[PDB]
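Remarks on the structure that follows.
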Amino acid sequence: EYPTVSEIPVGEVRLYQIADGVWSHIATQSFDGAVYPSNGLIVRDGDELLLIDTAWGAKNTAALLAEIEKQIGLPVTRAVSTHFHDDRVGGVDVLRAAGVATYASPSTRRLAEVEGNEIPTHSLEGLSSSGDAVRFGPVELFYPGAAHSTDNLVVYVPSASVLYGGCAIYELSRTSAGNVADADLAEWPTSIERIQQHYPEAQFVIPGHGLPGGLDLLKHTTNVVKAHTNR
Ligand SMILES: [Zn+2]
Ligand SMILES: [Zn+2]
Ligand SMILES: [Zn+2]
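Just so you know, we're using the deposited numbering here: the sequence shown kicks off at 32 and counts up by one.
Quick look at the structure:
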């Protein structure tokens, strides 16, 4: 069964195997006196690994690298951050010092700089217009349009039919909108429909926080966003 907060204390990281050569990584962080979980992805690319997102902070990200070497034993050579917030880029400096090449879209890199957050080194081309997709090793990267943030990317693993939605997709147990200070509420439902149109065959869907499910998570997120819009 999928790990939850009660089973992970801050500073530790769990790995969960989704399919052959595809794992999620789960970590926790405190904020405002509550404890929140957070997901990223690991995908095998021959004899190397691609990482999607940090584990939300420098200490957690060092623990993530140690857990990968203990449990998988292959080198992490590249990492992609899916938007500019600290649960996605916090820990980029640890990755860089370990020899991992770090990547994000130019939009993400600019917004991280304005915020004073850590800045991935390399710029991903071909993702500036809504509906754009590019291949990056064993995954496809897709820019659906503005949603949780103006820069948010989603990631698809074709060999395993795994769709990683990041923070643009909510878990089923979340019934109210989360942090929306940087969101585009007007465009978020349209961006979700672009994901459904491009990846209708997805079998596993991973939100940025909480439990995986199926494609139902997309309509669920639209329902929650529209209710918040009508507040
Ligand atoms: Zn975010
Ligand atoms: Zn998030
Ligand atoms: Zn729902």
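Cβ atoms here follow ideal geometry from the backbone N, Cα and C, with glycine treated the same way.
Can you have a look at residue i and say buried or exposed, based on whether 16 or more other CB atoms are within 10 angstroms of its CB?
i: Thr35; result: exposed
i: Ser69; result: buried
i: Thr252; result: buried
i: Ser55; result: buried
Quick one: what's got a C-beta closer than 7 Å to residue i's C-beta in the same chain, skipping five residues either side?
i: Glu232; result: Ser192
i: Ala129; result: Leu96
i: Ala208; result: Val255, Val256 and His259
i: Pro106; result: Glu79 and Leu80
i: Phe115; result: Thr139, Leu142, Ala143, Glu146, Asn148, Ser180 and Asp182
i: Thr221; result: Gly176
i: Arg127; result: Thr133 and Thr152
Could you check the C-alpha separation between residue i and residue j for me, to the nearest Å?
i: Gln48; j: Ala58; result: 15 Å
i: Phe167; j: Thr92; result: 22 Å
i: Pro137; j: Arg119; result: 15 Å
i: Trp219; j: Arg109; result: 29 Å
i: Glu149; j: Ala143; result: 6 Å
i: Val66; j: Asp117; result: 15 Å
i: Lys101; j: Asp213; result: 37 Å
i: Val53; j: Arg75; result: 7 Å
i: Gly64; j: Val188; result: 35 Å
i: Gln60; j: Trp87; result: 7 Å
i: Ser190; j: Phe62; result: 36 Å
i: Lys250; j: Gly104; result: 38 Å
i: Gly245; j: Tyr230; result: 12 Å
i: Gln228; j: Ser161; result: 13 Å
i: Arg262; j: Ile226; result: 26 Å
Near residue i, what residues of its chain come up, given a Cβ to Cβ distance below 8 Å and the 5 sequence neighbours on each side ignored?
i: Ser204; result: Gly241 and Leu242
i: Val186; result: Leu72, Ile83, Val111, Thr113, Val170, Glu171, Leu172, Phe173, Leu194, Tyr195 and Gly197
i: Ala132; result: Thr108, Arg109, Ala110, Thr152 and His153
i: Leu248; result: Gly196, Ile200, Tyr201, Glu202, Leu203, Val236 and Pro238
i: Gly77; result: none
i: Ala94; result: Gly42, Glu43, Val44, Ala58 and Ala86
Suppose the cutoff is 6 Å on Cβ atoms and the five residues either side in sequence are ignored; what does the same chain contact list for residue i look like?
i: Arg45; result: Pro34, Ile39 and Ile57
i: residue 11; result: With the chain covering only 32 through 262, there is no way to say anything about residue 11.
i: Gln234; result: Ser192
i: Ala164; result: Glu171 and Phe173
i: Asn210; result: none
i: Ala50; result: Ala191
What is the C-beta distance between residue i and residue j, in whole angstroms, given that I count them as a contact (C-beta under 8 Å)?
i: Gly121; j: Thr85; result: 6 Å
i: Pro151; j: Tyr201; result: With 8 Å as the limit, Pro151 and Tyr201 do not qualify as a contact, their Cβ atoms being about 25 Å apart.
i: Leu184; j: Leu216; result: Actually they are not in contact, since the Cβ atoms of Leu184 and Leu216 sit about 19 Å apart, beyond 8 Å.
i: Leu155; j: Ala178; result: About 18 Å; that fails the 8 Å criterion.
Next item on the list: Can you check the stretch 160-232 for any alpha helix (DSSP H) of at least 4 residues that lies completely inside it and give the ranges in chain order?
Entry: 219-229
Margin query: Quick check for students: name the residue ranges of the alpha helix (DSSP H) that lie wholly in the stretch 44-103, counting only runs of 4 or more.
Written below: 89-102
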